[PDB]
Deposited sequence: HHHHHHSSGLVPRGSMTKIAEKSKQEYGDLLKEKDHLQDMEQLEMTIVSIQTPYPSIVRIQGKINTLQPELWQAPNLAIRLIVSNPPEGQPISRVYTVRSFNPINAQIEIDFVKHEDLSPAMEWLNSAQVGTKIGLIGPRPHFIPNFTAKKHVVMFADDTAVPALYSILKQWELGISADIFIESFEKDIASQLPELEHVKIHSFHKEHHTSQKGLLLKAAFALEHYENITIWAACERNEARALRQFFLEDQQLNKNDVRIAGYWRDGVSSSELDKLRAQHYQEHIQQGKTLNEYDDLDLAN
């Protein structure tokens, strides 16, 4: 991996709750940046007084003929670092970054049906995966979003059906309700990314309840309600140190 610098070249509001930024990056190995579902760590704050603060966002795409990546930010009413950074972020804003990180991709091997679950934070990862989709594999995709028509941005591919549910603010387990209700349960493979607690629920269902092999349930928690990314990191470090001990 590398530590680059990104400079914002474009800013869009594709949906009312999403800010789409494009930036050139000074990569010296663009071969790394072409894989699907790459994520970066943006140094959202770097005061000279104090340790730096980073946050993880998905590379929606990487254009190699101009070294431009794009990132979708889910707006959320929180005085968080990434939110404070996005409020004052103009074209030409330079921001530090570390990456890329390859992240989960569906298991196309053996030709099993793919079933995908996502909330607003994993819609960019979904777009990345769909733009390099293994033609011939079928899928059911369930999206949990605040935007009524979040699927419109994703491509139309033969045999990928994309289902979107609509959340209303300040209130449920929708993605799980979809997992409990699939047409069949045999010869399928799972990919998911959402809030930490809903993702754990999905993992528990496809493993401890439907006996799916562990490499056929690729599930991640992109964020956790009431816990900051920084706190998630300190937790992940302590689990790792405790995992290697046994």
No C-alpha coords for deposited residues 1-39, 211-212, 288-301
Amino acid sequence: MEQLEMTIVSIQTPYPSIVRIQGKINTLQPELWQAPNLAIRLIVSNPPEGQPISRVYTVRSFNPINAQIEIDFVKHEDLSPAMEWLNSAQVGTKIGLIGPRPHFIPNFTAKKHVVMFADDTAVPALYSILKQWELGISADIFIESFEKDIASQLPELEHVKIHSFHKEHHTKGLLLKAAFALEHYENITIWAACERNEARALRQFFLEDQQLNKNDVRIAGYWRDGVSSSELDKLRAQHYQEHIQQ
From here on, numbers count along this sequence of modelled residues.
When mean C-alpha B-factors in the record are compared for 109-117 and 94-102, the larger belongs to 109-117
Once average C-alpha B-factors are taken from the entry for 185-193 and 43-51, the winner is 43-51
The residue of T171, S128, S164, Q153 with the maximal C-alpha B-factor according to the PDB record is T171
Chain thirds by Cα B factor, record data; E84 belongs to the middle
Split the chain's modelled residues into thirds by Cα B-factor; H159 lands in the highest
Chain-relative C-alpha B factor for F180 (record values, thirds): the highest
Chain-relative C-alpha B factor for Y57 (record values, thirds): the lowest
Assert third(CA B-factor, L28) within chain per record equals highest
